[PDB]
Structures are given as C-alpha cells and as structure tokens.
Amino acid sequence: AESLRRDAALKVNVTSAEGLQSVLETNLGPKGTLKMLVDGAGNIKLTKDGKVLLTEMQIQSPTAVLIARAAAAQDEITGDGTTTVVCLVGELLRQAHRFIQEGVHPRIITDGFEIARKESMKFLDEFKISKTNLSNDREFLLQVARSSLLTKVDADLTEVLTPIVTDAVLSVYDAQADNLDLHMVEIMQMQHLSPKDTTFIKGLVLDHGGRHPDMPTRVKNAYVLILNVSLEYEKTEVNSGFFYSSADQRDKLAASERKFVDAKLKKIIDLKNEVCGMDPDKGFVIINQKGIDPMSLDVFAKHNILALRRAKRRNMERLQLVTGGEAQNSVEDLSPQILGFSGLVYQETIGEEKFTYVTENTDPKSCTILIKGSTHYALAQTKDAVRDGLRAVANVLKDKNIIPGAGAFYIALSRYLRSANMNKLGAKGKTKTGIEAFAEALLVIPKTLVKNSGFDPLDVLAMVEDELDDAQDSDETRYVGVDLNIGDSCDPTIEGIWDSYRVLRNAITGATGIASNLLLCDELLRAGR
Amino acid sequence: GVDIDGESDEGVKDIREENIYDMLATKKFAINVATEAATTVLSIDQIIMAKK
Amino acid sequence: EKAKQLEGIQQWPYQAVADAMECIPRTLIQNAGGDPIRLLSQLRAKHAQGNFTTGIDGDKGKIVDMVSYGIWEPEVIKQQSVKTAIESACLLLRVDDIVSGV
Amino acid sequence: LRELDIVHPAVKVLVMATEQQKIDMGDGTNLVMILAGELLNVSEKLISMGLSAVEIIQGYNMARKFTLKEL
C-alpha cells in the first residue's frame with residue numbers, strides 16, 4: 001500500500017538499444033565496416049543493410065522488436081535509410097535517459113519531439129533544392145548514384161557499376177510524366193566470372209539455348225519469331241516405341257513422329273527464301289519454347305538458323321515488348337508482319353551454361369542487370385547494392401527535391417533548431433530542455449562517419465561550425481559537409497554527395513515515433529502463460 | 001632466387017640454370033584473390049553465430 | 001636510411017630502434033590529445049623535406065618548429081638518454097636464467 | 001580443405017577464395033592461402049598500433065594497383 005514507483009525498463013531499454021546501436025553504428029557510411037551474418041544456413045552473407053541484419057538474427061530483447069518493425073516500414077516506402085534511422089533512435093534514447101534522473105517526464109520528452117518535428121519541416125522546405133526533370137541531368141545522376149554504391153562496397157566496384165546503374169533506369173524509363181517500374185529490370189546471377197568484369201544488358205537473356213557445333217557465333221540484325229509448336233518428336237501418353245526390322249519400315253514408322261514436325265518445319269524454311277533470302281547482314285531466330293529433335297539440328301546448320309529450346313514462360317512475355325513480334329501459335333496462320341526486330345545476337349561459350357543476347361534493340365523498353373561474382377557472398381553483397389541503388393534513383397525521378405548528404409543536412413538542422421527557439425521563445429520554458437536533446441541527437445551521424453575512419457569527431461565538428469559562422473555573416477548561400485577522405489569540410493554540391501528527400505523526410509518523423517514509444521513504457525508486462 | 005640446397009652451396013644460385021619460371025597469368029591472378037581474401041577478414045569486426 | 005646500405009643481419013633490429021625513437025614524441029602526442037597516427041606520419045615526412053629541429057608543442061598540440069618558438073634542450077641529456085638506455089637494455093637480455101639462492 | 005571440417009566461419013572465406021584459384025587457373029593455390037594468412041599478421045601490428053582498419057583496406061587497394069603495373 002505504498003506509492004513508490006520504479007523504472008526497471010527505460011534503463012534496460014536504453015541499454016538494450018545501445019547494444020543494438022553499436023552493431024549498426026560501424027555498419028553505416030561508405031567508411032563503415034562490413035559484418036558477416038550466418039544463421040543456420042551455412043551460407044556466408046555480408047551486407048550493411050540495417051533491415052537485413054535484423055531479419056537474419058533472432059533477438060529475444062523486446063527493445064529490438066520495435067526497431068525491427070521500423071526498418072520494415074522504411075523499406076516499403078522510402079526504400080533506404082534503414083541503418084540511419086536505427087542510429088537516430090538509439091542515440092536519442094541516450095540523451096533522453098540522462099534527463100530521466102533529473103525528473104523530466106517522458107510525455108514532455110515526446111511532446112518536445114513533435115514541436116521540434118514541426119519546426120524541422122519549415123527548415124526542410126528552405127534547405128531542399130528542386131531538381132529539373134530534364135534528361136540532361138545524367139551527369140548529375142552519376143554523383144547521386146555513387147552515394148548509394150560507395151556505402152555497400154569497398155569503393156572499387158563503384159566505378160564499374162557507375163555507368164551500369166545510371167544507364168539502367170534511363171534506358172527503361174522514357175522521359176514523361178508516366179511512372180517508373182523496377183520490376184521490369186531483370187536480374188541475373190552468375191557465380192563464374194569475377195565481379196570486376198560485369199556489364200550491363202540492354203535486352204533480355206535466357207537460360208537454356210540450342211546446342212549445335214555449327215551454330216554461328218555472331219548474328220547481326222536477326223529476326224525474332226515466337227514458335228509455340230513442338231519441333232521435337234512426340235510419343236503416346238503411354239510408353240511406346242517404333243522399332244523397324246528393315247530399311248523399308250524405317251521411313252514408315254518414323255513418319256508418324258515427324259508428321260507434325262515436317263508440316264511446321266517445311267513452312268518455316270520457305271519463309272527464309274521469301275523473306276531475308278537476298279538481304280545480306282540479316283538473320284532469323286526461332287524461339288521454340290519446347291524441345292528440339294536431332295533431325296532439325298542439321299537443317300538449321302545449313303541455313304545458319306539459330307535454334308533455341310527450353311525457354312522460360314515469363315521471359316517470353318517480355319520478348320513481345322522488346323522485340324515486338326507477337327506469339328505465333330500456328331505456322332499456317334503466320335504472317336510476315338509477325339517477325340520482330342533485333343540487333344546483334346551472339347552467344348557466350350561456357351561449358352556449364354550458355355547465354356543469348358537479344359540486346360541492341362530500337363525500342364527495348366526493358367533492361368537487365370547482370371550480376372557477376374567469384375564467391376557466393378560476393379553475389380549477395382552485389383545484389384544488395386544494386387537493389388539499393390535502383391530504389392535510391394527511383395525517388396530522384398519521382399521527387400524533384402534533393403538533399404545533400406555527408407552530414408550536411410544533420411549539422412545544419414541541429415544548429416538551426418538550437419538557435420531558432422532561443423530567439424523566438426515561442427514554445428515553453430520547460431519544453432526547451434527536451435528539445436535540446438533532439439538537437440544533440442542529430443549530430444551523431446557526422447560523428448559516426450568520422451569514428452569508423454579513426455578521425456577525431458570533436459575536431460571535424462569544430463571545423464564545420466567555423467565555416468557555418470562565416471556563412472551566416474554573408475547573405476549568400478553556402479553548404480558545408482564532412483569530407484571523409486581528406487578529413488576537413490567540403491562543398492556537397494561539388495563533391496556530389498546527395499540524399500533523397502523522401503528518405504530523409506520519413507527518417508525524422510519515423511525515428512520520432514519509434515523512439516517515443518520506447519520511452520512511454522514504464523513497466524515491462526510479462527503474461528500470456 | 002631462393003635455393004633449397006639439400007647437399008651444399010655457398011650463398012644462393014641463379015634460377016636461369018634450372019629454368020624455373022612462373023606464368024604471369026598465375027601470379028597476377030593469385031595476388032588479386034589473396035588481396036580480396038584479406039580485405040574481407042579485416043573488414044569484419046563482429047561475427048554472429050548460432051548453435052545448430 | 002643508413003641501415004639500408006649496410007645489408008647485414010643487424011639491419012632488422014635497426015628498424016626496431018628507429019620505431020623506439022619515435023615513441024618518445026608519440027607519447028607526448030597521446031598526452032596532447034592529438035591523433036597519434038596522423039601526427040606521427042606527418043611529422044616523419046617533414047624531416048625528409050624540412051629540417052630536423054621541428055618538434056611537437058605541448059601547449060598547442062600541432063607540429064611546430066622548436067627553434068623559432070623558443071624550445072631548446074641541451075645535447076648532454078640526449079647523449080646520456082640514448083647511451084644509458086641501450087647499455088641497460090643489453091644487460092637485461094644477457095640473463096637467460098634466474099638463479100635462486102644465497 | 002574439402003576433406004577438413006571447418007568450425008569458425010571466418011576460415012571458410014579463405015577456403016572459398018582458395019577454390020577460386022583451382023577452378024580458373026588451377027595453379028597457385030598454396031600462394032593464395034599462405035599470402036592471405038600473412039597479410040593478417042602484418043595487419044595485426046597495424047590494428048594494434050591504432051591505425052583504423054578502414055585505411056588499412058584503402059592502403060592495400062592503392063598497393064595492389066601499383067603491383068599490377070609492375071608485373
């Protein structure tokens with residue numbers, strides 16, 4: 001019958017948050033560390049994505065459960081900043097836990113965040129820069145694409161994937177209002193060649209190709225024709241065979257299997273005589289989703305017709321968009337307008353698998369990103385960097401606003417919110433105590449980037465403040481950011497470090513509600529059993 | 001070069017006598033693989049494991 | 001630089017002595033708050049270009065010249081510091097066994 | 001390496017890198033594993049000295065490009 005209360009939670013919740021914070025602290029930024037996570041699958045995977053780290057580890061601590069749900073909401077909307085939000089939630093609890101011993105009530109701590117969040121939107125609209133929809137921004141897109149790539153790799157692969165990722169979105173997406181679809185960009189995984197030799201595929205590639213020794217290596221300006229009929233011998237539903245005891249019975253029994261084959265085959269070879277007979281530097285290609293009999297292998301070699309078999313059903317639906325030719329179910333109804341158009345088609349020679357390049361098309365309206373790597377973990381890391389790069393550029397074309405990175409937004413926002421409430425004094429006297437905790441919690445990101453590199457976080461912090469003081473005296477606009485290579489400050493517009501507006505807009509609001517709910521639980525409730 | 005000896009010798013010997021050479025394709029490829037192998041280990045500051 | 005021209009078995013321990021000579025100014029860097037990794041590499045590179053009189057300041061903590069700013073020390077202390085430390089280090093390595101008895 | 005049971009998963013990184021030498025070139029598998037083990041020993045002094053592992057990785061990338069040109 002006593003009114004004495006307890007904490008027992010916030011001290012444990014912050015301690016559990018500081019443990020998870022340090023895991024993703026060294027994993028943030030291009031200078032961060034790459035950690036290996038293998039749970040039960042014996043599969044080595046190395047990635048810095050904050051969402052993938054939490055999904056591959058089972059954490060019994062209830063504090064990391066809400067943080068795990070925060071990374072899932074940012075990926076389905078923003079698609080980036082999974083690690084940055086985690087670093088903001090953990091550090092904000094550290095500054096708020098110190099005020100708990102002072103007696104600051106957690107509701108005002110949560111109420112002080114909503115006041116600072118609304119005031120952050122005013123500075124967010126003035127600090128953002130509108131980018132034009134013009135297609136001459138490809139030079140500017142190179143700097144934005146490198147910002148996402150340098151984080152997840154060692155920076156040696158960024159120069160290789162810089163032209164690939166940049167030309168991947170611009171090729172599939174025509175310039176109009178419209179919209180963009182990342183599902184239309186195919187992704188192929190190969191463990192053979194090294195990741196340094198990877199290249200971009202403008203067309204579509206297939207798995208199982210036709211195997212004949214006399215097939216041509218390179219075919220320029222080849223016609224693509226979808227063929228749904230079976231060119232291979234067929235048998236009765238019940239197991240049976242045709243056995244001839246004499247040469248006269250050979251053509252009698254074998255005629256039943258080739259009756260359907262010869263009917264379609266003789267009509268296809270007549271198309272080569274009427275169409276593309278005389279015209280040099282052209283070709284004719286058959287899709288033929290089904291198999292191929294050994295009889296037609298010699299016919300296709302004399303005419304140098306590229307043969308294919310065992311084609312994926314999902315890939316053939318996209319061939320109608322890239323090539324333009326409609327699917328032909330019957331050769332009897334085949335028309336000369338059904339033949340599509342394709343460029344140079346050449347097949348790579350590898351013992352295990354073979355490739356087919358439909359690339360160099362007039363209006364492909366599709367793209368394929370070929371991922372190469374020597375090991376298994378190199379393929380998982382590269383695939384994570386490509387999918388993070390496409391979603392980062394996706395918000396660049398949709399949203400015309402862009403924000404500079406490298407701590408340029410966090411240092412300017414933390415300094416503005418501190419001096420804004422002191423001059424205006426329009427909130428409250430007690431509330432500004434908790435507002436200061438939010439301003440000091442935004443400076444952890446520039447201190448984290450220099451912490452992994454070994455640089456003094458206090459030295460680089462004083463150098464930026466000295467440059468911002470000279471910018472406030474002059475009426476011009478000059479942005480300051482942290483340079484990780486040199487260690488001094490830098491101009492983020494010249495360096496080319498830019499971050500998406502939609503990712504950072506939901507990062508402040510998202511991390512506010514997640515960190516606030518952790519401070520609202522006074523006592524842990526254990527029940528249900 | 002480096003001599004294994006096994007009988008006797010003074011100092012080292014010339015490799016051009018026995019004509020022991022290494023191909024460039026083998027040596028150049030072994031350096032890039034060994035560099036990326038040590039790069040992965042040094043980049044990992046934490047390892048998470050689970051009992052089966 | 002001089003140990004590279006000798007080409008002998010003694011060349012390897014000379015690098016250990018050169019690294020030990022750099023720990024004395026590096027210890028002052030750790031007490032000055034500066035980065036011991038960055039300030040040591042930048043100071044060593046200045047000796048190949050500038051003079052050998054450029055030390056580390058205790059008050060400031062950045063690489064500065066000792067002569068122009070009025071920091072001086074006699075040579076006898078440097079002569080007695082190197083000679084007595086090497087002579088004492090050799091005597092400690094001469095004992096491979098600790099004999100217990102009266 | 002295929003007939004040995006590996007416990008620590010960090011060792012499998014060198015095992016996977018060793019197979020890269022055998023599949024393509026097929027020669028020099030001992031040069032890859034032994035050299036990679038020594039690069040960690042010389043880096044153990046740098047990690048302890050206070051040099052961050054980030055600049056240690058950056059140093060090998062600059063030294064690798066200088067070696068390939070001299071070959």
# chains A, B, ... in the order shown; residues from 1 in each chain; ligands from 1

$ interface_residues --of "chain A" --to "chain B" --cutoff "7 Å" --atoms "only C-alpha atoms" --output "MDAnalysis selection string"
chainID A and resid 33:40

$ write_last_selection --atoms "C-alpha atoms" --output "PDB file, in the first residue's frame"
ATOM      1  CA  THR A  33      32.594  -1.918 -41.550  1.00  0.00           C
ATOM      2  CA  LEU A  34      31.116  -4.945 -43.321  1.00  0.00           C
ATOM      3  CA  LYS A  35      29.909  -7.684 -40.966  1.00  0.00           C
ATOM      4  CA  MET A  36      29.217 -11.356 -41.684  1.00  0.00           C
ATOM      5  CA  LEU A  37      25.935 -12.931 -40.547  1.00  0.00           C
ATOM      6  CA  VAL A  38      25.302 -16.674 -40.912  1.00  0.00           C
ATOM      7  CA  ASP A  39      22.404 -18.265 -39.011  1.00  0.00           C
ATOM      8  CA  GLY A  40      21.926 -21.995 -39.505  1.00  0.00           C
TER       9      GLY A  40
END

$ interface_residues --of "chain D" --to "chain B" --cutoff "10 Å" --atoms "only C-alpha atoms" --output "PDB file with N, CA, C and O atoms, in the first residue's frame"
ATOM      1  N   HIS D   8      35.139 -22.317 -37.387  1.00  0.00           N
ATOM      2  CA  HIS D   8      34.958 -20.873 -37.475  1.00  0.00           C
ATOM      3  C   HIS D   8      34.536 -20.484 -38.887  1.00  0.00           C
ATOM      4  O   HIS D   8      35.189 -20.887 -39.858  1.00  0.00           O
ATOM      5  N   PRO D   9      33.459 -19.711 -39.048  1.00  0.00           N
ATOM      6  CA  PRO D   9      33.030 -19.327 -40.402  1.00  0.00           C
ATOM      7  C   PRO D   9      33.983 -18.373 -41.096  1.00  0.00           C
ATOM      8  O   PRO D   9      33.924 -18.255 -42.326  1.00  0.00           O
ATOM      9  N   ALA D  10      34.859 -17.688 -40.354  1.00  0.00           N
ATOM     10  CA  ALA D  10      35.818 -16.791 -40.988  1.00  0.00           C
ATOM     11  C   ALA D  10      36.857 -17.560 -41.794  1.00  0.00           C
ATOM     12  O   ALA D  10      37.422 -17.017 -42.751  1.00  0.00           O
ATOM     13  N   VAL D  11      37.120 -18.815 -41.428  1.00  0.00           N
ATOM     14  CA  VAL D  11      38.069 -19.625 -42.184  1.00  0.00           C
ATOM     15  C   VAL D  11      37.490 -20.001 -43.542  1.00  0.00           C
ATOM     16  O   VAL D  11      38.227 -20.119 -44.530  1.00  0.00           O
ATOM     17  N   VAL D  13      35.966 -18.196 -45.542  1.00  0.00           N
ATOM     18  CA  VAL D  13      36.230 -17.136 -46.511  1.00  0.00           C
ATOM     19  C   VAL D  13      37.512 -17.428 -47.278  1.00  0.00           C
ATOM     20  O   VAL D  13      37.583 -17.238 -48.499  1.00  0.00           O
ATOM     21  N   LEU D  14      38.545 -17.903 -46.578  1.00  0.00           N
ATOM     22  CA  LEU D  14      39.784 -18.274 -47.250  1.00  0.00           C
ATOM     23  C   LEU D  14      39.626 -19.563 -48.045  1.00  0.00           C
ATOM     24  O   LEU D  14      40.300 -19.749 -49.065  1.00  0.00           O
ATOM     25  N   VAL D  15      38.748 -20.464 -47.596  1.00  0.00           N
ATOM     26  CA  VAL D  15      38.506 -21.697 -48.336  1.00  0.00           C
ATOM     27  C   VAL D  15      37.786 -21.400 -49.645  1.00  0.00           C
ATOM     28  O   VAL D  15      38.114 -21.968 -50.694  1.00  0.00           O
ATOM     29  N   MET D  16      36.796 -20.505 -49.607  1.00  0.00           N
ATOM     30  CA  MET D  16      36.100 -20.119 -50.829  1.00  0.00           C
ATOM     31  C   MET D  16      37.028 -19.369 -51.778  1.00  0.00           C
ATOM     32  O   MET D  16      36.923 -19.513 -53.001  1.00  0.00           O
ATOM     33  N   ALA D  17      37.944 -18.567 -51.231  1.00  0.00           N
ATOM     34  CA  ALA D  17      38.913 -17.874 -52.073  1.00  0.00           C
ATOM     35  C   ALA D  17      39.963 -18.832 -52.621  1.00  0.00           C
ATOM     36  O   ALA D  17      40.539 -18.574 -53.685  1.00  0.00           O
ATOM     37  N   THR D  18      40.225 -19.933 -51.914  1.00  0.00           N
ATOM     38  CA  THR D  18      41.183 -20.917 -52.409  1.00  0.00           C
ATOM     39  C   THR D  18      40.635 -21.654 -53.624  1.00  0.00           C
ATOM     40  O   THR D  18      41.372 -21.925 -54.579  1.00  0.00           O
ATOM     41  N   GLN D  20      38.722 -20.451 -55.832  1.00  0.00           N
ATOM     42  CA  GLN D  20      38.790 -19.564 -56.988  1.00  0.00           C
ATOM     43  C   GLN D  20      40.074 -19.777 -57.779  1.00  0.00           C
ATOM     44  O   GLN D  20      40.076 -19.653 -59.009  1.00  0.00           O
ATOM     45  N   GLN D  21      41.171 -20.104 -57.093  1.00  0.00           N
ATOM     46  CA  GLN D  21      42.440 -20.342 -57.768  1.00  0.00           C
ATOM     47  C   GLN D  21      42.461 -21.685 -58.487  1.00  0.00           C
ATOM     48  O   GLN D  21      43.088 -21.808 -59.545  1.00  0.00           O
ATOM     49  N   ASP D  24      39.735 -21.689 -61.959  1.00  0.00           N
ATOM     50  CA  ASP D  24      40.124 -20.944 -63.157  1.00  0.00           C
ATOM     51  C   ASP D  24      41.532 -21.315 -63.612  1.00  0.00           C
ATOM     52  O   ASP D  24      41.710 -22.006 -64.621  1.00  0.00           O
ATOM     53  N   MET D  25      42.547 -20.863 -62.875  1.00  0.00           N
ATOM     54  CA  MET D  25      43.926 -21.124 -63.272  1.00  0.00           C
ATOM     55  C   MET D  25      44.381 -22.526 -62.890  1.00  0.00           C
ATOM     56  O   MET D  25      45.139 -23.151 -63.640  1.00  0.00           O
ATOM     57  N   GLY D  26      43.943 -23.033 -61.738  1.00  0.00           N
ATOM     58  CA  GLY D  26      44.316 -24.357 -61.290  1.00  0.00           C
ATOM     59  C   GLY D  26      45.685 -24.466 -60.658  1.00  0.00           C
ATOM     60  O   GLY D  26      46.018 -25.535 -60.128  1.00  0.00           O
ATOM     61  N   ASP D  27      46.492 -23.409 -60.693  1.00  0.00           N
ATOM     62  CA  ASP D  27      47.823 -23.417 -60.109  1.00  0.00           C
ATOM     63  C   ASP D  27      47.979 -22.206 -59.202  1.00  0.00           C
ATOM     64  O   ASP D  27      47.409 -21.142 -59.458  1.00  0.00           O
ATOM     65  N   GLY D  28      48.757 -22.378 -58.138  1.00  0.00           N
ATOM     66  CA  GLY D  28      48.985 -21.309 -57.190  1.00  0.00           C
ATOM     67  C   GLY D  28      48.063 -21.297 -55.995  1.00  0.00           C
ATOM     68  O   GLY D  28      47.934 -20.253 -55.345  1.00  0.00           O
ATOM     69  N   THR D  29      47.410 -22.420 -55.685  1.00  0.00           N
ATOM     70  CA  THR D  29      46.513 -22.460 -54.533  1.00  0.00           C
ATOM     71  C   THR D  29      47.269 -22.249 -53.228  1.00  0.00           C
ATOM     72  O   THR D  29      46.728 -21.658 -52.286  1.00  0.00           O
ATOM     73  N   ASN D  30      48.514 -22.724 -53.149  1.00  0.00           N
ATOM     74  CA  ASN D  30      49.312 -22.500 -51.948  1.00  0.00           C
ATOM     75  C   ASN D  30      49.752 -21.047 -51.833  1.00  0.00           C
ATOM     76  O   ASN D  30      49.947 -20.547 -50.720  1.00  0.00           O
ATOM     77  N   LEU D  31      49.914 -20.355 -52.963  1.00  0.00           N
ATOM     78  CA  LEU D  31      50.317 -18.955 -52.920  1.00  0.00           C
ATOM     79  C   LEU D  31      49.188 -18.058 -52.431  1.00  0.00           C
ATOM     80  O   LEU D  31      49.448 -17.001 -51.846  1.00  0.00           O
ATOM     81  N   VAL D  32      47.936 -18.455 -52.662  1.00  0.00           N
ATOM     82  CA  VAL D  32      46.806 -17.630 -52.248  1.00  0.00           C
ATOM     83  C   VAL D  32      46.561 -17.753 -50.749  1.00  0.00           C
ATOM     84  O   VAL D  32      46.352 -16.749 -50.060  1.00  0.00           O
ATOM     85  N   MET D  33      46.589 -18.978 -50.219  1.00  0.00           N
ATOM     86  CA  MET D  33      46.257 -19.184 -48.813  1.00  0.00           C
ATOM     87  C   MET D  33      47.372 -18.695 -47.896  1.00  0.00           C
ATOM     88  O   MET D  33      47.102 -18.093 -46.850  1.00  0.00           O
ATOM     89  N   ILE D  34      48.629 -18.944 -48.267  1.00  0.00           N
ATOM     90  CA  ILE D  34      49.743 -18.557 -47.407  1.00  0.00           C
ATOM     91  C   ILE D  34      49.904 -17.041 -47.382  1.00  0.00           C
ATOM     92  O   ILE D  34      50.145 -16.447 -46.324  1.00  0.00           O
ATOM     93  N   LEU D  35      49.768 -16.391 -48.540  1.00  0.00           N
ATOM     94  CA  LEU D  35      49.906 -14.938 -48.585  1.00  0.00           C
ATOM     95  C   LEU D  35      48.768 -14.250 -47.840  1.00  0.00           C
ATOM     96  O   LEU D  35      48.990 -13.250 -47.146  1.00  0.00           O
ATOM     97  N   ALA D  36      47.545 -14.772 -47.967  1.00  0.00           N
ATOM     98  CA  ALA D  36      46.414 -14.177 -47.263  1.00  0.00           C
ATOM     99  C   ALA D  36      46.558 -14.307 -45.753  1.00  0.00           C
ATOM    100  O   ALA D  36      46.105 -13.429 -45.010  1.00  0.00           O
ATOM    101  N   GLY D  37      47.183 -15.388 -45.281  1.00  0.00           N
ATOM    102  CA  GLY D  37      47.408 -15.536 -43.854  1.00  0.00           C
ATOM    103  C   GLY D  37      48.460 -14.588 -43.317  1.00  0.00           C
ATOM    104  O   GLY D  37      48.387 -14.166 -42.159  1.00  0.00           O
ATOM    105  N   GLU D  38      49.451 -14.239 -44.141  1.00  0.00           N
ATOM    106  CA  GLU D  38      50.484 -13.306 -43.710  1.00  0.00           C
ATOM    107  C   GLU D  38      49.995 -11.863 -43.738  1.00  0.00           C
ATOM    108  O   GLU D  38      50.447 -11.046 -42.927  1.00  0.00           O
ATOM    109  N   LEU D  39      49.077 -11.533 -44.652  1.00  0.00           N
ATOM    110  CA  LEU D  39      48.526 -10.182 -44.690  1.00  0.00           C
ATOM    111  C   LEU D  39      47.774  -9.848 -43.409  1.00  0.00           C
ATOM    112  O   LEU D  39      47.683  -8.675 -43.031  1.00  0.00           O
ATOM    113  N   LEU D  40      47.230 -10.860 -42.730  1.00  0.00           N
ATOM    114  CA  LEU D  40      46.569 -10.628 -41.452  1.00  0.00           C
ATOM    115  C   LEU D  40      47.571 -10.452 -40.319  1.00  0.00           C
ATOM    116  O   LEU D  40      47.293  -9.725 -39.358  1.00  0.00           O
ATOM    117  N   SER D  43      48.983  -7.000 -40.594  1.00  0.00           N
ATOM    118  CA  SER D  43      47.927  -6.068 -40.224  1.00  0.00           C
ATOM    119  C   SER D  43      47.612  -6.106 -38.735  1.00  0.00           C
ATOM    120  O   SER D  43      47.029  -5.149 -38.216  1.00  0.00           O
ATOM    121  N   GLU D  44      47.983  -7.187 -38.043  1.00  0.00           N
ATOM    122  CA  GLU D  44      47.754  -7.259 -36.604  1.00  0.00           C
ATOM    123  C   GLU D  44      48.539  -6.180 -35.871  1.00  0.00           C
ATOM    124  O   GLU D  44      48.069  -5.632 -34.866  1.00  0.00           O
ATOM    125  N   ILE D  47      46.541  -2.870 -36.718  1.00  0.00           N
ATOM    126  CA  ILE D  47      45.293  -2.762 -35.969  1.00  0.00           C
ATOM    127  C   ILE D  47      45.578  -2.399 -34.519  1.00  0.00           C
ATOM    128  O   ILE D  47      44.853  -1.606 -33.904  1.00  0.00           O
ATOM    129  N   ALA D  53      41.221   0.027 -39.380  1.00  0.00           N
ATOM    130  CA  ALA D  53      41.154  -0.998 -40.414  1.00  0.00           C
ATOM    131  C   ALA D  53      40.607  -0.462 -41.729  1.00  0.00           C
ATOM    132  O   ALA D  53      40.773  -1.113 -42.766  1.00  0.00           O
ATOM    133  N   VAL D  54      39.958   0.704 -41.711  1.00  0.00           N
ATOM    134  CA  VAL D  54      39.445   1.291 -42.944  1.00  0.00           C
ATOM    135  C   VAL D  54      40.595   1.758 -43.826  1.00  0.00           C
ATOM    136  O   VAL D  54      40.655   1.437 -45.019  1.00  0.00           O
ATOM    137  N   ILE D  56      43.580   0.723 -43.526  1.00  0.00           N
ATOM    138  CA  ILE D  56      44.364  -0.466 -43.846  1.00  0.00           C
ATOM    139  C   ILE D  56      43.854  -1.104 -45.131  1.00  0.00           C
ATOM    140  O   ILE D  56      44.641  -1.535 -45.983  1.00  0.00           O
ATOM    141  N   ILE D  57      42.531  -1.169 -45.295  1.00  0.00           N
ATOM    142  CA  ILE D  57      41.957  -1.685 -46.532  1.00  0.00           C
ATOM    143  C   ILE D  57      42.256  -0.743 -47.692  1.00  0.00           C
ATOM    144  O   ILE D  57      42.577  -1.185 -48.803  1.00  0.00           O
ATOM    145  N   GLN D  58      42.163   0.568 -47.454  1.00  0.00           N
ATOM    146  CA  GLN D  58      42.461   1.536 -48.503  1.00  0.00           C
ATOM    147  C   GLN D  58      43.925   1.478 -48.919  1.00  0.00           C
ATOM    148  O   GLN D  58      44.251   1.738 -50.084  1.00  0.00           O
ATOM    149  N   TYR D  60      45.822  -1.259 -49.045  1.00  0.00           N
ATOM    150  CA  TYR D  60      46.029  -2.418 -49.906  1.00  0.00           C
ATOM    151  C   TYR D  60      45.482  -2.185 -51.307  1.00  0.00           C
ATOM    152  O   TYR D  60      46.038  -2.703 -52.281  1.00  0.00           O
ATOM    153  N   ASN D  61      44.397  -1.415 -51.431  1.00  0.00           N
ATOM    154  CA  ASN D  61      43.851  -1.119 -52.751  1.00  0.00           C
ATOM    155  C   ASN D  61      44.802  -0.245 -53.557  1.00  0.00           C
ATOM    156  O   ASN D  61      44.922  -0.407 -54.777  1.00  0.00           O
ATOM    157  N   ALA D  63      48.123  -0.196 -52.994  1.00  0.00           N
ATOM    158  CA  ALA D  63      49.309  -1.012 -53.226  1.00  0.00           C
ATOM    159  C   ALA D  63      49.061  -2.099 -54.262  1.00  0.00           C
ATOM    160  O   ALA D  63      50.006  -2.545 -54.924  1.00  0.00           O
ATOM    161  N   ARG D  64      47.810  -2.539 -54.417  1.00  0.00           N
ATOM    162  CA  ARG D  64      47.505  -3.561 -55.413  1.00  0.00           C
ATOM    163  C   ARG D  64      47.625  -3.006 -56.827  1.00  0.00           C
ATOM    164  O   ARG D  64      48.146  -3.681 -57.722  1.00  0.00           O
ATOM    165  N   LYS D  65      47.150  -1.777 -57.046  1.00  0.00           N
ATOM    166  CA  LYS D  65      47.262  -1.168 -58.367  1.00  0.00           C
ATOM    167  C   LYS D  65      48.711  -0.874 -58.731  1.00  0.00           C
ATOM    168  O   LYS D  65      49.071  -0.909 -59.912  1.00  0.00           O
ATOM    169  N   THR D  67      51.228  -2.770 -57.811  1.00  0.00           N
ATOM    170  CA  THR D  67      51.873  -4.050 -58.082  1.00  0.00           C
ATOM    171  C   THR D  67      51.495  -4.588 -59.457  1.00  0.00           C
ATOM    172  O   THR D  67      52.345  -5.135 -60.168  1.00  0.00           O
ATOM    173  N   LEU D  68      50.227  -4.433 -59.851  1.00  0.00           N
ATOM    174  CA  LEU D  68      49.781  -4.952 -61.141  1.00  0.00           C
ATOM    175  C   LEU D  68      50.485  -4.263 -62.302  1.00  0.00           C
ATOM    176  O   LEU D  68      50.727  -4.890 -63.340  1.00  0.00           O
ATOM    177  N   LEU D  71      54.046  -5.808 -62.766  1.00  0.00           N
ATOM    178  CA  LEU D  71      54.146  -7.187 -63.234  1.00  0.00           C
ATOM    179  C   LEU D  71      54.428  -7.259 -64.729  1.00  0.00           C
ATOM    180  O   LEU D  71      55.026  -8.234 -65.198  1.00  0.00           O
TER     181      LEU D  71
END

$ interface_residues --of "chain D" --to "chain C" --cutoff "12 Å" --atoms "only C-alpha atoms" --output "list in words"
residues 46, 47, 48, 49, 50, 51, 52 and 55 of chain D

$ atom_distance --atom1 "CA of residue 490 in chain A" --atom2 "CA of residue 122 in chain A"
25.0 Å

$ atom_distance --atom1 "CA of residue 55 in chain A" --atom2 "CA of residue 30 in chain A"
22.1 Å

$ residues_around --residues "residue 15 in chain C" --least-positions-apart "4" --cutoff "12 Å" --atoms "only C-alpha atoms" --output "VMD selection string"
chain C and resid 1 to 4 9 to 11 19 to 22

$ select_by_dssp --residues "chain C" --states "strand (DSSP E or B)" --output "PDB file with N, CA and C atoms, in the first residue's frame"
ATOM      1  N   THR C  54      62.152  20.344 -35.996  1.00  0.00           N
ATOM      2  CA  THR C  54      60.713  20.548 -35.867  1.00  0.00           C
ATOM      3  C   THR C  54      60.145  19.481 -34.937  1.00  0.00           C
ATOM      4  N   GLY C  55      59.685  19.908 -33.758  1.00  0.00           N
ATOM      5  CA  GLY C  55      59.147  19.023 -32.758  1.00  0.00           C
ATOM      6  C   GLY C  55      57.647  19.155 -32.593  1.00  0.00           C
ATOM      7  N   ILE C  56      57.172  18.783 -31.405  1.00  0.00           N
ATOM      8  CA  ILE C  56      55.759  18.842 -31.051  1.00  0.00           C
ATOM      9  C   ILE C  56      55.600  19.767 -29.853  1.00  0.00           C
ATOM     10  N   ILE C  63      52.107  20.243 -35.009  1.00  0.00           N
ATOM     11  CA  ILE C  63      53.503  20.232 -35.432  1.00  0.00           C
ATOM     12  C   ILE C  63      53.974  21.668 -35.628  1.00  0.00           C
ATOM     13  N   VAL C  64      55.048  22.040 -34.926  1.00  0.00           N
ATOM     14  CA  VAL C  64      55.608  23.385 -34.980  1.00  0.00           C
ATOM     15  C   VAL C  64      57.124  23.294 -34.865  1.00  0.00           C
ATOM     16  N   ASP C  65      57.789  24.389 -35.226  1.00  0.00           N
ATOM     17  CA  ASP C  65      59.242  24.454 -35.156  1.00  0.00           C
ATOM     18  C   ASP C  65      59.696  24.810 -33.747  1.00  0.00           C
TER      19      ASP C  65
END
